[PDB]
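The chain below stands alone, shown as structure tokens; this is the form deposited in one PDB entry.
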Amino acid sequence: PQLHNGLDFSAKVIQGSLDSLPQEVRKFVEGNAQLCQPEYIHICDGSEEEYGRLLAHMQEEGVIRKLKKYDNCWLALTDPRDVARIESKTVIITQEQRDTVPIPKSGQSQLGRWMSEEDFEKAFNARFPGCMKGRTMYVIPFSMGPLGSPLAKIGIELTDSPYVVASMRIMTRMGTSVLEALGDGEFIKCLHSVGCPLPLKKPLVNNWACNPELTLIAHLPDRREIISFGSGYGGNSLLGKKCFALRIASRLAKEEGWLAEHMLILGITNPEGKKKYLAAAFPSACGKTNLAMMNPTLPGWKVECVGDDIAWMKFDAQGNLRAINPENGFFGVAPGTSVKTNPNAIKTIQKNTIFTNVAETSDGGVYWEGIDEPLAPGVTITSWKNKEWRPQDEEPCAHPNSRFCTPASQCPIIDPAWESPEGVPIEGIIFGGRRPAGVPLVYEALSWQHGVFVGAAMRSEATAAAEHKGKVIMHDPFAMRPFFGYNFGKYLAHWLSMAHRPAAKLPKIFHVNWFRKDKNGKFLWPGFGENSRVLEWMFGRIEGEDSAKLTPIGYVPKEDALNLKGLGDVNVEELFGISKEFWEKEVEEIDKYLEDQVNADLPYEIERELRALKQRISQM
């Protein structure tokens, strides 16, 4: 209905039909078209034709370049103001702040950012009205999970960015089939704008529309809305990924008895023909993708990848923790990727891949720090800043948080069960981060409650994945600091509660450190495929092997228990050393952090594990 002619957007639809949409989808699309005032509405179909045409259009406009060396690969270079997540501009809206974060004693929380509904309405009104003028609003129906799976969750993302459309086609299952699967069901409402209505009010930098000053990534869990303004960077604009499948989903999971986690899922097969699945939570840019598609150095071992970033898991009636990967692609850090470090990623990204903020070679290929491939004499390099570049120059040729965005189905070791709606049974959970000192290569938690404490106590050097600079060691509990959808204390309680579930077969919990350094700042452990030697030890421990010795922080490998054949130059004593002074300091730091940041919401069990660790260290 309407008394005039501005409410019904039918005449502005350039693909699809508002009449063909499910009723509630139409209302969502049209309501936001009324607000944002796009010139056109394009309902995505997910087809190869749509995708190729959109890419060519972006190429026309100078928004992306085709990489002529490869099969259907593309390179986007962004405004340098829009390169990573911004935690301080990422918020969750609830009636009560304590539902979203524990109230920190110190007054500033490091476990999320809350915004009142009043303040968010004002922020929304200062951003979205008219924001799509002169642009197309693309409507992206997407599934987090295989099309038609009983455990998939569907969303609709509205965006004015073709780059977002193309990247969502890779990272989710997208298009008409999803609308058909959705029918009259519920869907997560996702609204995104780059925040640059036409005619442009401000200079366009590097043909990359964005609004840094007004960037705001908001989540409204009771209304089932995600609303993101001003950034095109995938972590901020691919709304099915961090926003939905971690922040919204972790709160749903709390309410419904499951888990949504920042974890890879991999399957590993040993030389005796046994296969086990493991999950691992490491912070952004701290080794998940490389572990998930590892090429093991140990003969007779094989790793297969289920997912590299997000896991949705629950204990089933048989007691097994079963996990699914709700994503359809990998959005991986590019620098460091080489045939030696991640040969499976190199094979995956050679076709149908979008690269962002990497360098370009004159024969139409890609380049980045650590790529470890010599170029022919005469071949030149254009940096991610679109300037000619030479290896002798002061700055990197690729941004440190540059990315590939690639279909998971193309991974040569994609696991045969990666789309099974039954999920895969997790037998070990691994925590870890970047710790240049003090923390040994691997240890095993003493119990479930100890393992939840180990997750809670995680710390890691800052990376380029968000706004934190330098290499300051930060708390990042469960690798979820940027991603909790609700109060972290409550999340710890939820984890603890799993132990008391009927027939629960609780996975073993481990903590790793690939990143300990010697006195000269060189890594003590080579990592990458050599991490298979650590996974071997974990595998044996899951099977019940007596290959561990007790220490104050947990179980570690016995002398000679790790296979170090071919690594005679590793300094094992240094790499496994546990210093009373370091750990006295560590436990004091963890105590103060949990007291300040979790406070009244810290479960008794976790405080008890803290007291126990302090006491074990005191007996050293």
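In this text, the rigid core denotes the largest set of C-alpha atoms whose superposition between the two forms falls within 1.5 Å. Residues carry their position along the shown sequence, with the first being 1.
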In the PDB record, does 152-160 or 392-400 carry the higher mean Cα temperature factor? 392-400
Selected stretch [higher average CA B-factor]: 204-212 or 493-501: 204-212
From 322, 241, 254, 81, which pick has the Cα B-factor that tops the rest in the entry? 81
Candidate residues 479, 170, 381, 76, the one whose C-alpha B factor the record puts highest: 381
Modelled-residue ranking by C-alpha temperature factor, third containing residue 523: middle
For residue 556, the third of its chain into which the C-alpha B factor falls: middle
Split the chain's modelled residues into thirds by Cα B-factor; residue 576 lands in the highest
Among the chain's modelled residues, which third holds the C-alpha B-factor of residue 415? middle
When the deposited Cα B-factors of this chain's modelled residues are ordered and cut into thirds, is residue 338 in the lowest, the middle or the highest one? middle
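Not pictured, yet referred to below: the form deposited in another entry.
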Core-superposed between this form and the one not shown, the one of 274, 351, 517, 223 with a C-alpha shift of 2 Å or more is 517
Residue 31: Cα shift of 2 Å or greater between this form and the one not shown (core-aligned): no
Residue shift check between this form and the one not shown, rigid core fit, residue 148 Cα at least 2 Å: yes
If I superpose the two forms on their rigid core, does the C-alpha of residue 56 end up displaced by 2 Å or more between this form and the one not shown? no
